[PDB]
């Protein structure tokens, strides 16, 4: 099943809460719309350059990046609730090696790869 799962247990409320201030920071900086975030989360994969940089910004603000600003998938995994560790692993197992010229391109590459892999459990806020 590919329908996004959105209920009281998933996405983990603690992760949603933790992401709220990072959302404020990154939406402020990039000027992405809330609509574009919601559509990417719950509807079709779509192209929006500010959204790509919004995705990069969340990784940077969450401190899940290396010295070059590239996503460090282990740091990212560590930062997620343990309840979603297995789902996350499977979502990212064919998404190890982002491609793209810029950090925004590579961040978007990751989100798109995850959403293609597990659209039910992929989300973005």
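Numbering follows the first chain given and starts at 1.
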* So 87-95 or 61-69, which one's hotter by mean CA B-factor in the entry? -> 61-69
* Asked: Of 114-122 and 1-9, which one has the bigger average CA B-factor?
  -> 1-9
* To do: Would you mind ranking residue 31 by its C-alpha B-factor against the rest of the chain and naming the third, lowest, middle or highest?
  => lowest
* Lowest, middle or highest third: where is residue 107 by C-alpha B factor in its chain? -> lowest
* Structure fact -> Chain-relative C-alpha B factor for residue 47 (record values, thirds): the middle
* Asked: residue 15's Cα B-factor: lowest, middle or highest third of the chain?
  -> highest
